[PDB]
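Trainee:
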Amino acid sequence: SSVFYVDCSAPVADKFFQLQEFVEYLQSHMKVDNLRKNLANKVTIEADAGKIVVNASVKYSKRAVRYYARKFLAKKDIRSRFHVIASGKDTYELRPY
Amino acid sequence: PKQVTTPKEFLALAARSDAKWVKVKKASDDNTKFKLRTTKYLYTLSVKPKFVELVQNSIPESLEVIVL
Amino acid sequence: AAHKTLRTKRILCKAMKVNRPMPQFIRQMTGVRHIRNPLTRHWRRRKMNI
RNA sequence: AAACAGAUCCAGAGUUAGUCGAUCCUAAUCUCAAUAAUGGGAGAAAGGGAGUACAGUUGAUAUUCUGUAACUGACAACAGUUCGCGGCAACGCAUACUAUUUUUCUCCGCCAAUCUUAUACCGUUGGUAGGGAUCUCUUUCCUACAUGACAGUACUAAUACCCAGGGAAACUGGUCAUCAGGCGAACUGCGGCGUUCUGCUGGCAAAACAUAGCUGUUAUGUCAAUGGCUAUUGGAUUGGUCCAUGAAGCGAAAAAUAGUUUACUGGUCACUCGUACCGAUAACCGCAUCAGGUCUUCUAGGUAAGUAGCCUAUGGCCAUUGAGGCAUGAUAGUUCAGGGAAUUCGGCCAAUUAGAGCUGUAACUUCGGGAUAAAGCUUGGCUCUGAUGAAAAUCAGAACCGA
RNA sequence: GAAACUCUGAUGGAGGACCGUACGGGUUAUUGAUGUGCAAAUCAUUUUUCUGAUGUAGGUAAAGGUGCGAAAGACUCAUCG
Numbered sequence: 003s004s005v006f007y008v009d010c011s012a013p014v015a016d017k018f019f020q021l022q023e024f025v026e027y028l029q030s031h032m033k034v035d036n037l038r039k040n041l042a043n044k045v046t047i048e049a050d051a052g055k056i057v058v059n060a061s062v063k064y065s066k067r068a069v070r071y072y073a074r075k076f077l078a079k080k081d082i083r084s085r086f087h088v089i090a091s092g093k094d095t096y097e098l099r100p101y
Numbered sequence: 002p003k004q005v006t007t008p009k010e011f012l013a014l015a016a017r018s019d020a021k022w023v024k025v026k027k028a029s030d031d032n033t034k035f036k037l038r039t040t041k042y043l044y045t046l047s048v049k050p051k052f053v054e055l056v057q058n059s060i061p062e063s064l065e066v067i068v069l
Numbered sequence: 002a003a004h005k006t007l008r009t010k011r012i013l014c015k016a017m018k019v020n021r022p023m024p025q026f027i028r029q030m031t032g033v034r035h036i037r038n039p040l041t042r043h044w045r046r047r048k049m050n051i
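Sequence lines, in order, name chains W, G and A. FYI, in the UniProt record's numbering the residues of the first sequence are 3 to 52, 55 to 101. Heads up: the second sequence at position 8 corresponds to 9 in the UniProt record's numbering, and the numbers run straight through without jumps. Heads up: the third sequence at position 43 corresponds to 44 in the UniProt record's numbering, and the numbers run straight through without jumps.
The following block contains the structure:
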């Protein structure tokens, strides 16, 4: 009965991204029981206010959220600009360097 | 480096005129360890946070006490 | 070496402090030229046999 | 060859110990002395031998220095306890010293098997930290997941041996294997004791390491579960083998018999000498920076029976003159129509054969051998099924696939 | 099987047994390479042995008409009737 966050304020303003693209990616790439596009009360994905709310009822790793986050950054050519690192427990964050 | 169970026996070891310092030190499970130095050995005393306050007072005044 | 004795170590000391160039001021004093230090050596080429 | 480089040249600098060695003891062996004697001394930097660990630091030293925690021996007084008791027994618990004798530890060949800590490695289950990879695919891939000497006392559970009860053929108990027992078995004791084991601590997170941020230090984190049919090491329980029976001494403790007795627990000091680096790959021996020779140690993954051969992380490296040609020849190699030893002193050479599983094995024989005799067959990939184990392993069987 | 015993399968792990590793011990063949050598006895491929009458290290004993020799007149510091 976990919940995870991936903080995107820095990435959204500076380059491309956009939440509706990033949620649509993670809708049809995240997978449970080794199968894509099977998310009937497995996870739900959302945004609110000016993050990404990944709410897992089923047993699901935090390191899965890292894998699909870092895969997105290589797709957009925003590698070597931001990178995914842990702010706290049950949070990731896309800081620059 | 031996451990000592009873808080009463610790205070017998403290008042020998061997001991140079005691060290207070926080630990796991919200315990603390009073490490009495002697010339030969280092006598440790694990305690719960119930009787933590009383023991420090129990210790002799003369012996130096280094907090960590 | 290691595990040298002391009187072995005494010889190896004397063998390395003796190994040097000849000083400049003897040629200036005596005016002789072409004197070499006889107990010069190289470790690799000539062994001591002591 | 070249050179600003170098194990070259020149100038300076560097080797820190009560615990590692030497020192001490004797071995093979050597050498003096006495015979009023019954010996003394030498002889091992691989034998014997009291006692140390971690972390940090330097341009070069570290089990030697610093910090922290131990330990061993010798010489002093001094304070407080104490003047022998428990268990049927195995044995437990706080007790001296001199001497004689007796015994033990030190303490011992080689080979083989079983069980098991530690370390390494491979594993099923998850996880979190960072980094690598990405046209597509991969909830992926890699690194990390750790605790020293030393000191303690729980009950789990082992095997050896002993003790109390018990009193065994319808013989029972037991090993991988031999076996054990009325000179007392099975079996019962919350027996005794030694050596190993699991868990829980102290040492101990304050250190160390990895992330994140601030200018030296503050944050979180180093987790949870449980297998090895794998290997090495230490140890335990045993067996076999010999016309082979596999060191000594110093030292230490114990016991007995005398005699003299009160004992036990809790500051100072630790001398001497070695300590850098190489250990063949250029630092050793071969005249030399010589494809030679010379004792040992720690020993990763995959393939495989493997400490073979082949490939690759950690670590270490490009040791080796360059620029251009490619006929002939020398040398080390693949391959050669048809024939198959005609070559040659001679099948010299090379080729063929080959691992494993299932068949099948002759004359002769000192009956053990011959024997892997000879001679046949099968072997991949992929999707499955079944049996044996605890077991993540290994063995058997069937589909389908194409040069 | 009347007996004395002897058929099948397992267990077991004996042997100066066998195949086979090495920076082990030896050195058969190519009479290969080298023979102005890397080398005053080497290199490559092949071959032999590999728990033993085994290899090997240090200390120690034996000295020149002597020593030592599983015996080749072998060896005794590149020297040996």
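Positions of the beta carbon are idealized from the N, C-alpha and C atoms, including for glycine.
(1) With a CB to CB cut of under 8 Å and the five nearest residues on each side skipped, what residues in its chain are close to residue 54(W)?
(2) Determine the direct distance from the alpha carbon of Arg67(W) to that of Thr45(G), and round the result to whole angstroms.
(3) If you compare alpha carbons, which of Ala49(W), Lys17(W), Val45(W) and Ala51(W) is closest to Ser61(W)?
(4) Could you name the residues of the same chain whose beta carbon sits closer than 7 Å to that of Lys34(G), not counting the 5 residues immediately before and after it, in chain order?
(5) Roughly how many angstroms separate the alpha carbons of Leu41(W) and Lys33(W), rounded to a whole number?
(6) Between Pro100(W), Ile47(W) and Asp94(W), which has its C-alpha nearest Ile82(W)'s C-alpha?
(7) Starting from the Cα of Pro24(A), find the closest Cα among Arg46(A), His4(A) and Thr41(A) and give me that residue.
(8) Quick one: grab the DSSP three-state call for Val88(W).
(9) Assuming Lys80(W) and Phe19(W) are in contact, meaning their beta carbons sit under 8 Å apart, how far apart are those beta carbons, in whole angstroms?
(10) Let me make sure I understand the geometry here. Which of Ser65(W), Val25(W) and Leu37(W) has the alpha-carbon closest to that of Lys55(W)?
(11) For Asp81(W), does the three-state DSSP call read helix, strand or coil?
(12) With distances taken Cα to Cα, identify the nearest neighbour of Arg37(A) among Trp44(A), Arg45(A) and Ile27(A).
(13) Alpha carbons only, please: which of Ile47(W), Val14(W) and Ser30(W) is nearest the one belonging to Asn59(W)?
(14) Taking the alpha-carbon of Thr40(G) as reference, which of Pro8(G), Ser59(G) and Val23(G) has the nearest alpha-carbon?
Mentor: According to the structure shown:
(1) Inspection of chain W shows residue 52 followed directly by residue 55; residue 54(W) is thus not represented.
(2) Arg67(W) has its alpha-carbon roughly 42 Å from the corresponding atom of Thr45(G).
(3) When only C-alpha atoms are compared, the closest one is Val45(W).
(4) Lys26, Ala28, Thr45, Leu46 and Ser47
(5) 8 Å
(6) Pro100(W)
(7) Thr41(A)
(8) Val88(W) falls in the strand class under three-state DSSP.
(9) 7 Å
(10) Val25(W)
(11) coil
(12) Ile27(A)
(13) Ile47(W)
(14) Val23(G)
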